[PDB]
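Structure, as structure tokens:
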Amino acid sequence: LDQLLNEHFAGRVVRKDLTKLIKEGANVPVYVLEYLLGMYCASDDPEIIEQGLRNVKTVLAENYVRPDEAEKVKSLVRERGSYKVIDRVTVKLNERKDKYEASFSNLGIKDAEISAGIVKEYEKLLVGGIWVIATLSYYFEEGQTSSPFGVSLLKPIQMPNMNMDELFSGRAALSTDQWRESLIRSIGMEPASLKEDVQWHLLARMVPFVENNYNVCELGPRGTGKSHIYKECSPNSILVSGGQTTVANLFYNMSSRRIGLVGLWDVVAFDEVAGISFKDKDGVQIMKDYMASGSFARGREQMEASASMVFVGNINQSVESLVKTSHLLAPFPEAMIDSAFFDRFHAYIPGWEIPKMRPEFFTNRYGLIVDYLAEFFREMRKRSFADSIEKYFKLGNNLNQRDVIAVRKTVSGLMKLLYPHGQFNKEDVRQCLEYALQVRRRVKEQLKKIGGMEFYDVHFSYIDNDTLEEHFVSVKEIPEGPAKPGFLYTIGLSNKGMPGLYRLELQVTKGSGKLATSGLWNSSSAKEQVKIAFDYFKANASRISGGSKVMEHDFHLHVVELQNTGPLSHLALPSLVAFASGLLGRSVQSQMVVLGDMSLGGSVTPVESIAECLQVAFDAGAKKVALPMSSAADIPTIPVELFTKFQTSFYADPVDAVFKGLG
Amino acid sequence: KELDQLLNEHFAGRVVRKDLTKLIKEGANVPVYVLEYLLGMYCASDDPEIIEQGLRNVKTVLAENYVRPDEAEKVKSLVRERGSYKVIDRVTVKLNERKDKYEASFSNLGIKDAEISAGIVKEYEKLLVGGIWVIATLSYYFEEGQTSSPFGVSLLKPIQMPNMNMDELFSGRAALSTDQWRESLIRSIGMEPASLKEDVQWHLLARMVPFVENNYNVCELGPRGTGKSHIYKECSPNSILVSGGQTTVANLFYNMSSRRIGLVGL
Amino acid sequence: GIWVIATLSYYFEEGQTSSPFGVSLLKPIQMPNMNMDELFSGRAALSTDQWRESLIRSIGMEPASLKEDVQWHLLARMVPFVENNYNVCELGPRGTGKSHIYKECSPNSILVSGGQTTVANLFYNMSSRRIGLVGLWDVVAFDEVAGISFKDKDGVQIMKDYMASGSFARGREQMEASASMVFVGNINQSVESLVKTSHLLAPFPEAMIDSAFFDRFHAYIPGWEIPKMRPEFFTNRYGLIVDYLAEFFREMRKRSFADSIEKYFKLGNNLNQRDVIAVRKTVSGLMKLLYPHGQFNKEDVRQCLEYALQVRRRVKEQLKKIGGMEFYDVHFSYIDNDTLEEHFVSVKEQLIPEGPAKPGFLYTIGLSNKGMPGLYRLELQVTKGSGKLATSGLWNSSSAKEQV
């Protein structure tokens, strides 16, 4: 680290614990002090550090001269011929005369003459005005139209320049994990005191600075630093507090013919999303258009913006309570509950997973300068890596086009942020892809929760191009009581043969008897089993439903796996039970377990691994199970203690199984 | 495969495999047509390696250009001491009667009166329509009281589409059968005619019909997910999509205050 | 612009464009100039207690007629004139001259009253594109904090942002200011009655009483401890020119003394980042006022550390009373880098309360690690949860944690 940090990087030698222990009770932007210490304080000698700190403070309150008596300084310039001052200076080129001019944001001189060589040396004077030390010279000739003030010496107290090849060399030299730790410590966090996944979340927090139109939301408990980070990285992020910004102010002032906030900054972050208000309703809709493409039509003209949106919000409830009672985006007001708004959220950063900010979580080694961070995030702000995954992996069929786009953008962001050199292996792509799939699947789950059946495809997966294995990522982080009709739980041996619990959800609609399947993980065996069960249900509709017509009701069944055991083949009997329950509108028994499979003729098959199935039901928190008569000979094979824990609704055939499940 | 070779020969430079664009139609500050032109000229037929290398070249070039407005002034300064800094930029060029000199305007950099030789404009054209994304190697010279911006275009290449060559259609159309032309038009949207019933292809063509008839009022209504939203917002740059329904007769038709025609005129 | 006697002369020539009036002799009735090192020489020359007495004379107060802690309160009153963006509140009974110091002890300080205080006038006039009072003065003080108001509904949050960091956005542009925020208020009740049935800042109106904002204060000056102003408290000796002290505070504001702490007495773990910043800034201001030349010892750091850890602990316990769960961390841990002795400071505000307490609170008596009996109070809060136990206030005692 320290050796690499001093060699493979410029004078970025500042703890950022130093800055907090620096006299941050004065008048200067913090990163100016940071650059000051980065040069006058190197190595690790405490004495040198303290002496450089003293020198920084002395040069600070030697030539600051606050705005009030600006003209006073001018006198010293005229009387002494030359004078030294510290100020934020901007340099512009006057095409009418080709003579570089200097504007002081503090002293108020807008036309000081500066040499062209110095202009070539420091490009950052040429972008937005940088803090520098100036040597003002006074020269007045009769009849002159130019300024009498000239700058002979300029000292770039803030930032000299950016060099991309330096970043490339540093990344190539630095190891992956060490480079990630360096990035995290550049935020001021201690990677050693923190878990890997939280560092992944911190990288996700920097992602808004490295991709265009990165619509991301983070809701979580207080103390996670979700407000501070954007407060130091403000050079290209905005912390809009309370939502006090109108569509004219935020997007485009039609009166002044000037673009809004989104057109000037690279990131905008709404703090306390619970309190934001966009006044007129129309904004929300045009908001959507921005969320759609990053470009919005106002009046007669379309403006495109490169600002990425962050939604920072505070959570007052426990995670499990909010999950079970509502959607995770509950802090969002009613103006945003619409799935038509939430759908473009590229990521939901898990603010609860972030530990509360404590001193042990703050790095003290050193770390890069946040200036370097943002100013190369500007480089990452343009380059894309969307095509990397196509060489190694393919997205599953359960993700729509928007999900694919969001995942690609998240992966490209993460990886370039972590691989400026590129490190184009397969494992890094796999890691970024799985993390993006997880964060997008949480949003997809919230979308399903809010919108009903319109987002039933939540089973995020990726297929390896070489091994053909489809890895199914699952959301991070059997309930008591009678569930709604059409929902049940079953236990079966997956294609690999271990017992697993699966949940089947049937949705009934008015229609012509069509059958729709979802969550079958591209399993033809499951599809044909469900088809056989549907044929049996249609054939025996009169006796089972007592008159309710299958031909008048449309069924859409979804299968979800909770243990990730693998695809299951045996599904005819539980699907038939779900069909009967949904058609009758009667809730199945609470904690009821349906076991076994059936033929189209109504014959029952013995439950394979019945002991392990009952063990899973014990692990599934259920108290009831239905078994066919063919499993009776397997009763002695089961230990007595486990068998006594269940009310065995021992059925004979599919019809009896349906009756026992329905009670 | 015969259709692919017909498209490559008869419509050379005007046909590209649309799938590739979907690969990189995200994560940039550049419109789709720029890439849609940046792939047809490096990807020859179906070569994987050449296609990937072309992607690399496009990415590398883009990683150097379309410089953001914020540092605009900055680049000009470098210009004064080194000169040539070719940039991908949306450029609009106008003819000044008094000056008799084409007067290029940069949408991003803010330069409004750069000079371009008539030789450059007469070939490329499409600059004098609405401004297009082009690469510009810029030429510079300062003169006392030049009464003009010391900004000039030494070299240019249209990163967008050059002029149209209508004739190529007719003969090209004579080279394809009716159903083949129908399938080609459907694949031009990126749809699969083989995966779609012929009547649905008729309906998809009916979707494109509004773009060849003046005042062709049409109504499409249906369940979500029919692609009616993707079309008319990315299948055309000369058509506009209105979302939300919030419009004024001033914006759509004519603003009596500004003496300006509404959206219907642009 | 300084009041002067001018010997104006008239000389007119035909065709001239300059004024015919010429100034031959000038008599600077206000003040010629000021050498920075001139005060430093005297500061190095004189002792610390003498320096504090001279500063007290500079207000016109008699240090001999007042207590040492009263002199410390007056020094805290001076601190806003020396610290940039120094958010401070003084609330107390009438007769302590709270508004006198911000009205007549500095021409670089403004005492705003009336309460209308529009954000256009106060902060930025978007119509005129011009800065408000905060950009032109050095010490802005709301008198009659009870009577303050805000026409713009967002003005409160603008104030919160300004005191959080001396730079606030304005519609579409972030402006900044260096004027120190002062809140002067009158108390109509006895100290105990007011602070027991409510919080200290009860005179502050409901619209701005809150968890934050009140957080942003760098000091609460306990105005009740100051006696009512009497002629016996008024000095008649030599005193520094109020212009001289004001301009000295002018060049002092660009200095800071926050970094002497790290070489010396440490700080505790119960203070959050905001508490750390507030105490560092207050300590810095006290050193600037008392040791502007920079010659000081470690006990000199102690002198201001104790007073800062007291004044900020007062605000900490007020925020505790206001908010509950977030701000029980009031145990201000005074620590040393050398002795490692963990001292503690308790505000004079801070045996067993009578009557039936709310359930979950009790009192115990035990032999501390030093072996003498002592009284402790345990407060238990019950919440809906999963049986988790959280402990605090144990002063990192592992044996106590194990017994709990």
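Starting from the stretch B:244-266, keep only residues that are under 28 Å from A:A292 (Cα atoms) and within 11 Å of another protein chain (Cβ to nearest Cβ), then list their pairs with residues that are surrounded by 11 or more Cβ atoms within 10 Å (Cβ to Cβ) and charged (D, E, K, R) whose Cβ atoms are within a distance under 7 Å, requiring at least 6 positions of separation or different chains.
Pairs found: B:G244/A:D282; B:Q246/A:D282; B:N251/A:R300; B:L263/A:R300.
I'd like the residue in the stretch C:243-271 that is among the basic types (K, R) and surrounded by 20 or more Cβ atoms within 10 Å (Cβ to Cβ) and, out of all such residues, is nearest to the other protein chains (Cβ to nearest Cβ).
My answer is C:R255.
Looking at the structure I just gave you, is A:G108 surrounded by fewer than 15 Cβ atoms within 10 Å (Cβ to Cβ), at the interface with chain B (Cβ under 9 Å from one of its Cβ atoms) and part of a loop (DSSP other than H, G, I, E, B)?
Here the answer is no, as A:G108 does not meet what is asked.
Can we say C:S106 is under 22 Å from C:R255 (Cα atoms) and either part of a loop (DSSP other than H, G, I, E, B) or within 13 Å of another protein chain (Cβ to nearest Cβ) (or both)?
In short, yes.
What helices (runs of 4 or more DSSP H), lying completely within the stretch A:125-243, carry at least 1 residues that are within 14 Å of another protein chain (Cβ to nearest Cβ) and among the hydrophobic types (A, V, I, L, M, F, W, C)?
Helices (runs of 4 or more DSSP H) meeting the threshold: A:164-173, A:228-232.
Within the bounds of the stretch C:76-83, is there any residue that is crowded, with 22+ Cβ neighbours inside 10 Å and among the acidic types (D, E)?
Yes - at least one qualifying residue is present in the stretch C:76-83.
Is it true that A:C217 is closer than 26 Å to A:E360 by Cβ and surrounded by 18 or more Cβ atoms within 10 Å (Cβ to Cβ)?
No, not satisfied.
Condition first: at the interface with chain A (Cβ under 7 Å from one of its Cβ atoms), more than 19 Å from B:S139 (Cα to Cα) and part of a helix (DSSP H, G or I). Now tell me which residues in the stretch B:63-78 satisfy that.
Within the stretch B:63-78, B:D70, B:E71 meet the criteria.
Working carefully through the options A:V267, A:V247, A:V284, find the one that is among the β-branched types (V, I, T), under 20 Å from A:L447 (Cβ atoms) and in contact with a helix residue (DSSP H, G or I) (Cβ under 8 Å, 6 or more places away or on another chain).
The match here is A:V284.
Hey, could you check the stretch C:165-177 for residues that are crowded, with 19+ Cβ neighbours inside 10 Å and under 20 Å from the mean Cα position of the chain (by Cα) and say which is nearest to C:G132 (Cα to Cα)?
Out of the qualifying residues, it is C:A177.
Select, from B:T137, B:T147, the only residue that is on the phi > 0 side of the Ramachandran plot and surrounded by fewer than 17 Cβ atoms within 10 Å (Cβ to Cβ).
One residue alone meets the criteria, B:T147.
For A:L264, state whether it is within 14 Å of chain C (Cβ to nearest Cβ), surrounded by fewer than 19 Cβ atoms within 10 Å (Cβ to Cβ), over 18 Å from the mean Cα position of the chain (by Cα) and not charged (D, E, K, R).
When the stated conditions are applied, A:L264 passes them.
Restricting to the stretch B:79-107, give me the number of residues that are in a helix (DSSP H, G or I) and among the basic types (K, R).
Counting residues in the stretch B:79-107 that are in a helix (DSSP H, G or I) and among the basic types (K, R) gives 2.
Please report, ordered by residue number, the strands (runs of 3 or more DSSP E) entirely within the stretch A:382-484 with at least 1 residues that are under 18 Å from B:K25 (Cβ atoms).
In the stretch A:382-484, the matching strands (runs of 3 or more DSSP E) lie at A:393-395.
Within the stretch C:149-205, how many residues turn out to be within 27 Å of C:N108 (Cβ to Cβ), within 14 Å of chain A (Cβ to nearest Cβ), not acidic (D, E) and not in a strand (DSSP E or B)?
Summing the residues that are within 27 Å of C:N108 (Cβ to Cβ), within 14 Å of chain A (Cβ to nearest Cβ), not acidic (D, E) and not in a strand (DSSP E or B) in the stretch C:149-205 gives 15.
Within the stretch A:369-391, is there a residue that is among the polar types (S, T, N, Q), touching a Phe, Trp or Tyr at 6+ places or on another chain (Cβ under 9 Å) and away from chain B (no Cβ under 14 Å)?
No.
Of all residues in the stretch B:131-143 being part of a loop (DSSP other than H, G, I, E, B) and touching a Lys or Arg at 6+ places or on another chain (Cβ under 9 Å), which is farthest from the other protein chains (Cβ to nearest Cβ)?
It comes out as B:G131.
Do the conditions hold for C:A357, that is, is it in contact with a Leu (Cβ under 6 Å, 6 or more places away or on another chain) and farther than 30 Å from C:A219 by Cα?
no
If you take the residues of the stretch B:28-52 that are more than 18 Å from the chain's Cα centre (by Cα) and surrounded by 14 or more Cβ atoms within 10 Å (Cβ to Cβ), which of them is nearest to A:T410 (Cα to Cα)?
B:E52
Could you please give the count of residues in the stretch A:111-124 that are within 14 Å of chain B (Cβ to nearest Cβ) and part of a loop (DSSP other than H, G, I, E, B)?
Residues that pass the stated criteria total 2.
Please note which strands (runs of 3 or more DSSP E) are completely contained in the stretch A:272-342 and include at least 2 residues that are farther than 23 Å from A:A204 by Cα and within 14 Å of chain B (Cβ to nearest Cβ).
Fully inside the stretch A:272-342 and qualifying: A:295-298, A:301-304.
Could you identify the single residue in B:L62, B:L78, B:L55 that is crowded, with 18+ Cβ neighbours inside 10 Å and in contact with a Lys or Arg (Cβ under 8 Å, 6 or more places away or on another chain)?
One residue alone meets the criteria, B:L62.
How many residues, within the stretch C:128-148, are surrounded by fewer than 19 Cβ atoms within 10 Å (Cβ to Cβ), assigned to a loop (DSSP other than H, G, I, E, B) and within 13 Å of chain A (Cβ to nearest Cβ)?
Summing the residues that are surrounded by fewer than 19 Cβ atoms within 10 Å (Cβ to Cβ), assigned to a loop (DSSP other than H, G, I, E, B) and within 13 Å of chain A (Cβ to nearest Cβ) in the stretch C:128-148 gives 2.
Could you list, in sequence order, all residues of the stretch A:257-271 that are assigned to a loop (DSSP other than H, G, I, E, B) and over 24 Å from B:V242 (Cβ atoms)?
A:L264, A:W265, A:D266
Taking the condition of being outside any loop (DSSP other than H, G, I, E, B), surrounded by 12 or more Cβ atoms within 10 Å (Cβ to Cβ) and either under 27 Å from the mean Cα position of the chain (by Cα) or not aliphatic (A, V, I, L, M) (or both), how many residues in the stretch B:216-266 meet it?
7
Tell me whether the stretch C:357-366 contains one or more residues that are within 14 Å of chain A (Cβ to nearest Cβ), touching an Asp or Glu at 6+ places or on another chain (Cβ under 7 Å) and assigned to a strand (DSSP E or B).
No, that holds for no residue.
Could you list, in sequence order, all residues of the stretch C:1-36 that are of a type in the set (S, T, Y) and either within 17 Å of C:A246 (Cα to Cα) or in a strand (DSSP E or B) (or both)?
Within the stretch C:1-36, C:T7, C:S9, C:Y10, C:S24 meet the criteria.
Considering only the stretch A:53-66, I want to know if a residue exists there that is of a type in the set (K, R), surrounded by 15 or more Cβ atoms within 10 Å (Cβ to Cβ) and more than 14 Å from chain C (Cβ to nearest Cβ).
Checking the stretch A:53-66: not a single residue is of a type in the set (K, R), surrounded by 15 or more Cβ atoms within 10 Å (Cβ to Cβ) and more than 14 Å from chain C (Cβ to nearest Cβ).
Read the figures in this text as sums done on the coordinates, not as results from a lab. Reconstructed Cβ throughout: ideal geometry from the backbone, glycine too, with neighbour counts over all protein chains shown.
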